[PDB]
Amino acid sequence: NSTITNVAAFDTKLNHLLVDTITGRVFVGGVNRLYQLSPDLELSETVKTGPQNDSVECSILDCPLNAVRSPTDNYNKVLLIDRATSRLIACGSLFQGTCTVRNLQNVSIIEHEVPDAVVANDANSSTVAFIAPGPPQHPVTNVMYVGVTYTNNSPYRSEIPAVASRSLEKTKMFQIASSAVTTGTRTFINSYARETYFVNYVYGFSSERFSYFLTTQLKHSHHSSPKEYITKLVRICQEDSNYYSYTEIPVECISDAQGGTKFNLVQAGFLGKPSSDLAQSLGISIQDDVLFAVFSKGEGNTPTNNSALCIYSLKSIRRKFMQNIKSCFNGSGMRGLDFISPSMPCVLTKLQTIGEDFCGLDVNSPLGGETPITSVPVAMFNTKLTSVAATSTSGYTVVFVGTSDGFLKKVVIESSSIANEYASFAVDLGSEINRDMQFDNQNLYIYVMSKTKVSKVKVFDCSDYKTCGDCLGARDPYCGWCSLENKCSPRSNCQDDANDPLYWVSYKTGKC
C-alpha cells in the first residue's frame, strides 16, 4: 500500500506511544519492553523491563509471611517527556506501580530510580498522566497530574490517591506536590466506596490554567439506584494547592436515533484546534481548544459496536462547570461526590463574581455537578471506536478515528451539525488500534499503533489521482485540482499565474 509509509512490528504487546514534539523521535512502551525509534520508525534502542520476581501482596521492602515472589510481566502504564529537563518518564505495573526516569537521548540509561507507589499495578486498571503547570511554586514549575484506578489487590493500594499532582523536582521526585495537615493536591476515594466504586480514567489534558480528566464511572455511589455508567469530566485549578477546585460534571453525547440513544462510555480523547469554518459554528476563536472524543453505547461497563464521534468546545465546558458551581454557591442542591465523603447540602453564599476561572474555596469544596455538558454527535459508526486525532492543516478539520477491528477512518467536520466520512481503510486488520495516536510535527503523517505494530500513515496523498473526476470525486479536503497542470494537489502547490480564479477548484465548490 502507498498510503502507509513505514511499518514497525514489535515482539510484545504495546501499551503506549508518544512522539517528541521537537525531535520527532518515537517512544513505544509495551509489556516487558520499552522501545525508542527515529521519526521513520527505525529502531534505536530497546529496553528489557521484565519479567521480574514480584507478588501483589508484597512491596519492595517487605514481603509478608506465606507469600512468595514469582516472575510477573511489567505492563507499561505511563510514558511521558519532561521538556525543561531532558528526561523520559516510564512507569511500570510491577512493585506497586513504580516509575523510572530515563535519559531522553538514550532510553537505556536510568538516571533516577524511585520506590514510590504512583501507578496502578494491575494490567488492565487505567492510569492517565500528563505534565502541566502546578504548585508548590507559582506556575513556573510543572507537575505530573496522575489518575489511577484502585486495583483492589493489595493492602498497599489504599496508600495511592485516585487523582493527585506530583512533583518533578529532583529532591522530591514523584511526591505529592503540595500537602499539609488537612488538605493537599490529592483526592482519595473513601474506604466504603473504594472497593466497589471504581473510576476509569480515559484521557488527560491541560487547557487554559486547568487540568482535566475524562472518566467513565457509576452515576451513583449508594445502592439505592440501579447501576448506570456515565462519562464524567474531572477538573482542578492548577494554582490550587489544596484541591479546593476538584469538581466534576457529567458528559453526555446524545443522539436522536431509536428514540433516545445515549453513548455513555467514552473510549478515547484528543485535544486540538478548530478550522475557520468550525470555529464559527462553535462560536470560538481559531486559537481556542476543542475536545474531540469517541463515545460508545455500552451494555453495562462493556462498550458495544455502536459508537459516535462528539466534539466539545472548552468555552462550553468552562461555562458548564461555571453553571454547576454558580448553582451550588447559590444554595441549590447537594454538593455531590458522595464517594469521597458523605454528600452534604450546598451552602448559600454571598459570592458575586464566580466566573470561568473560578479556582475554589473552603466552602462547597469537592463539588459534583449534576448538570451535564451535552452534545449531539456529528457522526455515528457500526464499530467500536478506540482512538481519535484531529488536524486542520487544510482549511477544514479532519478527524482521524481508529477501529477496534484495525481500520482508520477520516471524517471532515464542516460544522457542529454537518460531518461525514471521506476515507476508510484497514491499517492492521484484526488488531485493535491503540488509544495513543499522534501526528507528525507537520501533521503530515500519523502514527497508528495496533496490538503489536506501529504504522506511519500519510495524512493525504493527492498525487495518486490521475484523472480529475477522481481528484474531486475523492471528496478529500486536502486535494484540489490545478486547471493548468494535470496535477491533483492542494492550493499551495498550484501557481496562481493563470488569469482565471478557477485555477484550483475544491470537491464541492465546482465541477471538473
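Note that residue numbering begins at 1 and tracks the sequence as displayed.
For the segment pair 467-475 and 440-448, the entry gives 467-475 the higher mean B-factor, averaged over Cα atoms.
Of the two segments, 353-361 and 296-304, the one listed with the higher mean B-factor is 296-304 (C-alpha atoms only). Annotation for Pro372, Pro366, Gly147, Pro115: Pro115 ranks highest, by Cα B-factor. You'll see in the entry that, of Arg33, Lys456, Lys453, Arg69, the Cα B factor peaks at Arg69. Among all modelled residues in this chain, the alpha-carbon of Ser221 has a temperature factor (C-alpha) in the highest third.
In the deposited entry, the Cα temperature factor of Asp240 places it in the lowest third of its chain's modelled residues. Placement of the Cα temperature factor of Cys494 within the chain: highest third of the modelled residues, per the deposited record. The deposited CA B-factor of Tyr396 belongs to the highest third of values across its chain.
When all modelled residues of the chain are sorted by CA temperature factor, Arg83 is found within the highest third.
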